[PDB]
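Listed below, chain by chain, are the residues.
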Amino acid sequence: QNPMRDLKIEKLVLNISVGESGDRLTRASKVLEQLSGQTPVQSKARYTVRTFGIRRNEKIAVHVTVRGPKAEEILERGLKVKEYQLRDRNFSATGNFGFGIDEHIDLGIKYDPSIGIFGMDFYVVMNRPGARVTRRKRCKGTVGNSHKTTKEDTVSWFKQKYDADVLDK
Amino acid sequence: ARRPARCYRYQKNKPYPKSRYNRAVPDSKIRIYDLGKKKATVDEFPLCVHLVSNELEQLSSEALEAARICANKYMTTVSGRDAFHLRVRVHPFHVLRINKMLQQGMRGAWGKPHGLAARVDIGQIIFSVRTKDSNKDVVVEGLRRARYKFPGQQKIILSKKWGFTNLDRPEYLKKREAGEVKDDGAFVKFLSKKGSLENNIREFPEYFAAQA
Amino acid sequence: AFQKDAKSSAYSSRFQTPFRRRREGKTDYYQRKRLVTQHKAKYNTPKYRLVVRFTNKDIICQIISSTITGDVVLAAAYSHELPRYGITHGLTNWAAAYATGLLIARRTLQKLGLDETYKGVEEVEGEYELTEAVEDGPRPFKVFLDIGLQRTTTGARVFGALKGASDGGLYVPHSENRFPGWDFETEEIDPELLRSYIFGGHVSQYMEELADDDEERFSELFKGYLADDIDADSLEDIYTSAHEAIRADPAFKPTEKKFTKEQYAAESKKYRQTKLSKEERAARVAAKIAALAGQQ
Amino acid sequence: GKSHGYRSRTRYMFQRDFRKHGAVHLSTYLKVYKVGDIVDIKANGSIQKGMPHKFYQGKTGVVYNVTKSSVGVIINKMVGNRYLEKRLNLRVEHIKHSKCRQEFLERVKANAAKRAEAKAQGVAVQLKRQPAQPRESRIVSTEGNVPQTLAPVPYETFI
Amino acid sequence: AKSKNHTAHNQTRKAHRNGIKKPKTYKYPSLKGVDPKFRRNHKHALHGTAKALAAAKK
RNA sequence: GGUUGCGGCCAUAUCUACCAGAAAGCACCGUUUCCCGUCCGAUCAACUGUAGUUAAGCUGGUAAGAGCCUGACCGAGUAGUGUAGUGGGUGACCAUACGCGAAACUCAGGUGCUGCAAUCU
RNA sequence: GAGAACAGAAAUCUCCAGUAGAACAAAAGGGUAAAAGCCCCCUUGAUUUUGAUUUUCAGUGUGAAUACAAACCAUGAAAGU
RNA sequence: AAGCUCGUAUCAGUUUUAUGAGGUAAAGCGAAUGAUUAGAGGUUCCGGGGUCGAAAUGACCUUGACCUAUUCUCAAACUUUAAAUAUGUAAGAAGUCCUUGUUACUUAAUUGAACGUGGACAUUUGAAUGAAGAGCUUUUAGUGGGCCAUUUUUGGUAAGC
Ligand SMILES: CN[C@@H]1[C@@H](O)[C@@H](O[C@@H]2[C@@H](O)[C@H](O[C@H]3O[C@H](CN)CC[C@H]3N)[C@@H](N)C[C@H]2N)OC[C@]1(C)O
Ligand SMILES: CN[C@@H]1[C@@H](O)[C@@H](O[C@@H]2[C@@H](O)[C@H](O[C@H]3O[C@H](CN)CC[C@H]3N)[C@@H](N)C[C@H]2N)OC[C@]1(C)O
Ligand SMILES: CN[C@@H]1[C@@H](O)[C@@H](O[C@@H]2[C@@H](O)[C@H](O[C@H]3O[C@H](CN)CC[C@H]3N)[C@@H](N)C[C@H]2N)OC[C@]1(C)O
Ligand SMILES: [Mg+2]
Ligand SMILES: [Mg+2]
Ligand SMILES: [Mg+2]
Ligand SMILES: [Mg+2]
Ligand SMILES: [Mg+2]
Ligand SMILES: [Mg+2]
Ligand SMILES: [Mg+2]
Ligand SMILES: [Mg+2]
Ligand SMILES: [Mg+2]
Ligand SMILES: [Mg+2]
Ligand SMILES: [Mg+2]
Ligand SMILES: [Mg+2]
Ligand SMILES: [Mg+2]
Ligand SMILES: [Mg+2]
Ligand SMILES: [Mg+2]
Ligand SMILES: [Mg+2]
Ligand SMILES: [Mg+2]
Ligand SMILES: [Mg+2]
Ligand SMILES: [Mg+2]
Ligand SMILES: [Mg+2]
Ligand SMILES: [Mg+2]
Ligand SMILES: [Mg+2]
Ligand SMILES: [Mg+2]
Ligand SMILES: [Mg+2]
Ligand SMILES: [Mg+2]
Ligand SMILES: [Mg+2]
Ligand SMILES: [Mg+2]
Ligand SMILES: [Mg+2]
Ligand SMILES: [Mg+2]
Ligand SMILES: [Mg+2]
Ligand SMILES: [Mg+2]
Ligand SMILES: [Mg+2]
Ligand SMILES: [Mg+2]
Ligand SMILES: [Mg+2]
Ligand SMILES: [Mg+2]
Ligand SMILES: [Mg+2]
Ligand SMILES: [Mg+2]
Ligand SMILES: [Mg+2]
Ligand SMILES: [Mg+2]
Ligand SMILES: [Mg+2]
Ligand SMILES: [Mg+2]
Ligand SMILES: [Mg+2]
Ligand SMILES: [Mg+2]
Ligand SMILES: [Mg+2]
Ligand SMILES: [Mg+2]
Ligand SMILES: [Mg+2]
Ligand SMILES: [Mg+2]
Ligand SMILES: [Mg+2]
Ligand SMILES: [Mg+2]
Ligand SMILES: [Mg+2]
Ligand SMILES: [Mg+2]
Ligand SMILES: [Mg+2]
Ligand SMILES: [Mg+2]
Ligand SMILES: [Mg+2]
Ligand SMILES: [Mg+2]
Ligand SMILES: [Mg+2]
Ligand SMILES: [Mg+2]
């Protein structure tokens, strides 16, 4: 049947990819600090593209992964700004999805000119329960087909709760 | 600017091809190994006549070209440029070297690549040709003509088989009018009696009658 | 799986499968080697490992040696034996680890003959020591802690099995710094925190801080300590007497059975599918070949 | 220049095996060797410590010593017109007990049991090994087996 | 100059005159190389059993 | 017989797709006070065996499946090769004599066996 | 490969597949997957004393390595290395 | 050359029996790496063109790239497999087995490990053939330009190279 297959939201990952380091970076990760409440993590540039103004290991972007009800909060608060409208793209065929928004302020952050404005990549990862088989140390293993998170199967969960829209075909 | 074909005729030295340690080698004078109507379906041309090497020797690319050209140039202008299919059955991957130039200290003779040649066996096929049995004599004399471009003895033999397939005419006509042979390009594919029964039947729906 | 997935003939053909017990993720061989293998000058002297394995809420302590024919078990004491010693709940806990590692310590020491010798620390104040050398008499039984795949974390509960197996009198070399009460910030152990843990004083201190600040949860968990009414402060003396029971009778009463292998054989053989004959296979196939042909 | 290094020329010889790579199974370490055990040497490339020289690869020897990870193996190496004894220090991963011995033991022990049973039965023991003897007389029956007449076959092509 | 660089020619001929002599086995090989721990004790395990065959012989 | 913990050999055990799985054991699962670890109690630590489920992990079965393994009236006594001749041939090369003898391939059978200890309608 | 604002073939974020198709100063060849690779933490065994061995070989020297003994140490819960 | 100690005790440019190692020949490329002829069939946030257009995350023809299942040809520095010839060790008295001393090494443990005392078994005492025996030491000559045949084989068009 379907007793122990839910669709939980595993984690939500906010991502601010900003093409430089230094001050403007710390202001972009000060943003994510007050949204998540957790202290967030920074990403070094893989190589030097020189037309993106990035050097190898220059600490370009920032992100944070959030789990539990703190996600559904920020998912909804971000799903607001999308007018509860997503696309058929935005959904991986592995059962997860994500969107993006300019103006982090468009969810209740005030403005605070000493900080500034940044757009965010929102990414929401889904799995059913029992997916720690693929995570735990001992006896790791991949979860069978019936229980896997698919695309057609997550959209059917995404319209059901939240009432929102898939929209493109 | 080429050394006479005598010097490189015999198979004396180890096969030494273009390689990560060669790199320096010229372009083969033969390029195009299939001629005539080369999409022609397996049943279109039954007849096959090979050119067979009777020696253990070396054919140069530039000979392979000149015989290819020669034979085809005839075979088309008698029975027509769609009448047959000419498959050069050997490739020249062996790099020939030349040491270009009393004296003194100190000689070293390793060659820079002078050309390429196909190492052939005794009874190894140079040319294969398929046409309809109607066109036999034209093909044969066409191979008999390219013969003169090759050093040393070679022979032409009517194939026991059906075109370029691996089946004899009767054994092929067996699997053909039984449901077992399906067209692919110029060649064919065959019904496996092992593997997934599902797409075994997706392919060869002609089969699964068990009749003509 | 997927379409652009689905490994080829090649990939399979050339694949090299690991060991079964690495494929099942149960055995880290790079460690197993370095544990089991014996000094070649000590010949057939067996190397004896103490295997400590937590299931979900049960504990295993096995003293094992090794053969090319497979490993051999000296003796084992599981936590789920702990009721006969008067522990009916929290058998997955640090103080049960200690309890189980001390049962396994005496049990083996019992069956060997070193039982009256090498009694370990009987007072169990939780001070840091390892069982010493009897002068003019056999050396203690030396057994090595096999942690399995357990992450080694200071205060983790595999090292409860340790402390109890050491305090049982077995020789199990080890250091302190993985014992709860080891200060990160200094070289110090505070064995008072370790004695509390040995007796469950971190679990008993939980019930108290629970009973008055949440009774909804306290319904849920400790529910057995209600229905049997063993309250928070009563815990330390549950264990304190459990050791008494332990060193009293280690002897391993086996289960009473109730039925037999033949019975368990038949009742289980009910449920397994027997393999098809090739004749049976030639049937279904020839049956499918009749089916799908002839306009399906 | 010419090159001869310690592993010079060991390319395929010390090559691991097919599908047999990766850390070695435990019974290799579980074996016991005492002095005077007759061992085969084959180097296992994945274990670089205590590894034999390419020469001794395939050479059988007698262990003269037992240390922590290693058996000392004593092997007689011909140099010039004589043999020289050489003492190899080999890690267990390259050493293998040799079966050349066992069949001779499984014979000796057989001869004692053959002998005692024979003698206490009586004389007539035959315990030396005779090599393969000529065939004894026989009559092959024609019955339902009638000689099949074959002939050499003509020339054909089928290319 | 330019004179021949190397050969093994004839060299087995000379080798076989006096003939590739077999290694010459003994009982009681020397302990050379044997571990010092084993040997040091084994000294007393031998010195020890020599006294025991003196007293016992009386 | 089933399952677990420790294994040996390391695919007849791995791969894909399905179906079935009583009992027990596993498991997934609940919690965050305590030792402890993370950006994130996801992993790791800890407490509860309580609140739930065989959904998945696990085990079995299915398939002219892939792979793997085994055999041989397969390829084939073929290729290669030790030995011989004042054999053949302008040669290239080839037969013959006394021996050894493959490979991919073709067909067929098969799809983990088992050591210790515990436990189980 | 399927995904995510500016973001483009290349920035950062995610899941799936992945027997090594990578990495290990350099030549090449071997070897390695809960590693031998990547990150981290702790360190100085790149230390002490004298012998045995293996390669090259005359069985000399040199270079290089291997396995012990006697110390003093490092790391780790520990076997160990 | 000198002998020296011994005398069927060992001895062997050989076979056989048992058991090792090897990666050449061959083979293979609808197996890995690499090279290579030809078609056939799939595919797209999408390589270039063209056509309908006021734009397609348009629709079509096109040509590329890709992907699948096939096809001709290949390797000294490629390979799953893998010969022949050659090559290691064994075929007993220094053997096999029983009892149980020594020890400072080793084990939880007289447990081991090594060396033994004492004890049972010697007609074929443990394959074939051969042996003008076997073992052993000192001392010194000439030599240290080589060349040839068949087979394997490198450079060279080749050479009485
Ligand atoms: C049997 N082998 C033959 C061998 O017999 C020989 O043939 C000669 C051929 O060379 C002679 O002819 C040639 O040589 C003559 C000098 N001897 C001068 C004339 C010229 N045609 C013929 N007159 C006789 C054949 N049997 O040379 C050719 C060959 C194939 O090698
Ligand atoms: C040297 N030329 C070729 C040589 O390359 C090889 O050719 C094979 C040929 O025997 C195979 O053919 C064979 O193998 C099939 C696959 N198992 C099945 C049966 C048969 N068709 C072809 N599949 C591939 C060619 N390269 O063997 C044949 C040949 C003529 O000697
Ligand atoms: C009888 N032993 C085997 C016999 O079982 C059979 O072996 C094949 C084996 O050659 C195939 O595999 C072989 O060929 C592949 C290339 N086509 C590469 C891998 C190689 N082991 C295996 N996949 C199936 C066995 N039955 O054919 C070869 C053999 C040696 O005769
Ligand atoms: Mg995995
Ligand atoms: Mg030749
Ligand atoms: Mg040749
Ligand atoms: Mg040459
Ligand atoms: Mg050849
Ligand atoms: Mg012409
Ligand atoms: Mg000059
Ligand atoms: Mg010159
Ligand atoms: Mg000609
Ligand atoms: Mg002629
Ligand atoms: Mg580890
Ligand atoms: Mg410490
Ligand atoms: Mg060189
Ligand atoms: Mg090998
Ligand atoms: Mg390899
Ligand atoms: Mg591996
Ligand atoms: Mg390894
Ligand atoms: Mg080293
Ligand atoms: Mg006999
Ligand atoms: Mg000269
Ligand atoms: Mg000279
Ligand atoms: Mg020179
Ligand atoms: Mg149940
Ligand atoms: Mg949880
Ligand atoms: Mg945990
Ligand atoms: Mg199910
Ligand atoms: Mg299964
Ligand atoms: Mg199959
Ligand atoms: Mg076999
Ligand atoms: Mg046979
Ligand atoms: Mg056979
Ligand atoms: Mg031949
Ligand atoms: Mg021959
Ligand atoms: Mg001859
Ligand atoms: Mg003749
Ligand atoms: Mg013949
Ligand atoms: Mg023959
Ligand atoms: Mg199977
Ligand atoms: Mg993975
Ligand atoms: Mg590899
Ligand atoms: Mg890995
Ligand atoms: Mg792995
Ligand atoms: Mg030294
Ligand atoms: Mg040296
Ligand atoms: Mg022989
Ligand atoms: Mg070859
Ligand atoms: Mg092959
Ligand atoms: Mg290939
Ligand atoms: Mg080769
Ligand atoms: Mg042999
Ligand atoms: Mg004899
Ligand atoms: Mg003599
Ligand atoms: Mg002299
Ligand atoms: Mg002189
Ligand atoms: Mg001189
Ligand atoms: Mg001269
Ligand atoms: Mg001449």
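Naming follows the PDB entry, where chain E appears as 60S ribosomal protein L29 of Saccharomyces cerevisiae. This entry appears in the Protein Data Bank under the title "Crystal structure of Gentamicin bound to the yeast 80S ribosome". One UniProt comment on chain E, placed under Subcellular location, says "Cytoplasm". Quoted verbatim from the Sequence similarities field of the UniProt record, the comment on chain E reads "Belongs to the eukaryotic ribosomal protein eL29 family."

As annotated in the PDB entry, chain C is 60S ribosomal protein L5 from Saccharomyces cerevisiae. Note on chain C: under the UniProt heading Sequence similarities, the record states "Belongs to the universal ribosomal protein uL18 family."

So, about the packing of aromatic side chains. If you walk through the whole model with that rule in mind, you get 19 aromatic pairs over all chains. Relative to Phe122 of chain A, the ring of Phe99 of chain A lies with its centre 5.4 Å away and its plane at 15 degrees, an arrangement referred to as stacked. Of this pair, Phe99 of chain A sits in strand β4 (residues 97-101) while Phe122 of chain A sits in strand β5 (residues 120-127), and the two are 23 residues apart along the sequence. Looking at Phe99 of chain A, the relative accessible area reads 5%, which means it is buried. With a centroid separation of 5.0 Å and 65 degrees between ring planes, the pair formed by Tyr207 of chain B and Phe208 of chain B is classed as edge-to-face. Above the face of the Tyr30 of chain C ring, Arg34 of chain C is positioned so that its terminal group lies 3.6 Å from the ring centre. The ring of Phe54 of chain C carries the charged tip of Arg157 of chain C above its face, separated from the ring centre by 4.6 Å.

The next thing to look at is the pairing of strand β10 (residues 187-190) of chain B. Residue and element names in this part refer to chain B. Note: strand β9 (residues 181-184) against β10, 4 bridges, orientation antiparallel. The partner of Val181 across the bridge, within β10, is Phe190. In textbook terms, the turn of a hairpin is the stretch between consecutive antiparallel strands, and for β9 and β10 this stretch comprises 2 residues, one of which, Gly185, has a positive phi near 50 degrees.

On to the protein's contact with RNA strand H. Around RNA strand H, the surrounding shell holds 96 residues, and the nearest of these are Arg3, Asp34, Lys38 and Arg89 of chain B together with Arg129 of chain D. The sugar-phosphate share of atoms of RNA strand H within 4 Å of the protein amounts to 71%. Contacts to RNA strand H include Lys12 of chain B, whose side-chain N or O atom sits 2.5 Å from a phosphate oxygen. For the surface near RNA strand H, the secondary-structure elements that each account for two or more residues are β4 (85-88), β5 (94-98) and β10 of chain B, β1 (38-41) and α2 (102-121) of chain D together with α1 (11-17) and α2 (36-55) of chain E. Sort the elements by how many residues they give to the surface near RNA strand H and α2 of chain E lands first, with 11 residues.

The rules behind the values
- Residues numbered from 1 in each chain as written, not as in the entry; some residues may be left out.
- Chains lettered and ligands numbered in written order.
- Part of a larger assembly, values for the part shown.
- Heavy atoms only, no water.
- Residues with missing side-chain atoms left out of burial classes, pairs and counts.
- UniProt positions renumbered as here; feature names shortened; annotations may be inferred.
- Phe/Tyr/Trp six-rings, centres within 6.5 Å; stacked < 30°, edge-to-face > 60°.
- Helix = DSSP H or I, 4+ residues; strand = E, 2+ residues; numbered from the N terminus.
- Buried < 20%, exposed > 50% of the residue type's maximum accessible area, 1.4 Å probe, protein only.
- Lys NZ or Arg CZ within 6 Å of the ring centre and 35° of its normal.
- Pairing = 2+ DSSP bridges.
- Near = heavy atom within 4 Å.
- Polar contact = N/O pair within 3.5 Å; in protein donor to acceptor, adjacent residues only side chain to side chain.

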